[PDB]
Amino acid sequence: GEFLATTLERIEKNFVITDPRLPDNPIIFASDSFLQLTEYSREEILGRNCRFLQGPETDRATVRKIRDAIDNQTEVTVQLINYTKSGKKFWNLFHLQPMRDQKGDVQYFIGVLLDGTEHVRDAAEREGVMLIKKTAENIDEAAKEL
């Protein structure tokens, strides 16, 4: 297949990296785990905005929260239902944050997905947010010199 994984894309988390300096903030890196979760090949999602994950049951109020975080160049953590290539639904405890360069400018966005079978609360929410925020901090490290 085209676009074999880089070293970074074999990290064992579901994540993407987008480039907001390109039109429509497209995916430029996507982990192996993300591509199995979502059942796409890497080549058919590179260069596309992540909105292909959305479908009829995806709450548009929650999508707007992501949109507004991107516009304000800030982080957000939300839960929403997303869809795979084959149409299967999954809950996504999702964390976005910008990655800044050495001048503080936003260079990339990082998105980390914790897939589940239900909306989580309380301890499962806390532990999931702990994991996706630690993961985002790790990808900030991993992506800084790309």
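Numbers for residues come from their place in the sequence shown, where the first is 1.
Most elevated Cα B-factor in the entry, residues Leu80, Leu46, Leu114, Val120: Highest CA B-factor of the listed options: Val120.
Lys88, C-alpha B-factor rank within chain (lowest, middle or highest third): Answer is highest: the recorded C-alpha B-factor places it there.
Cα B factor band for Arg10 (lowest, middle or highest third within the chain): Middle third by C-alpha B-factor.
CA B-factor placement of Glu125, once the chain's modelled residues are sorted into thirds: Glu125: CA B-factor falls in the middle third of its chain.
Record-listed C-alpha B factor of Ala61: chain third: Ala61: CA B-factor falls in the highest third of its chain.
Chain third (lowest, middle, highest) by recorded CA B-factor, residue given as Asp101: Its C-alpha B-factor belongs to the middle third of this chain's values.
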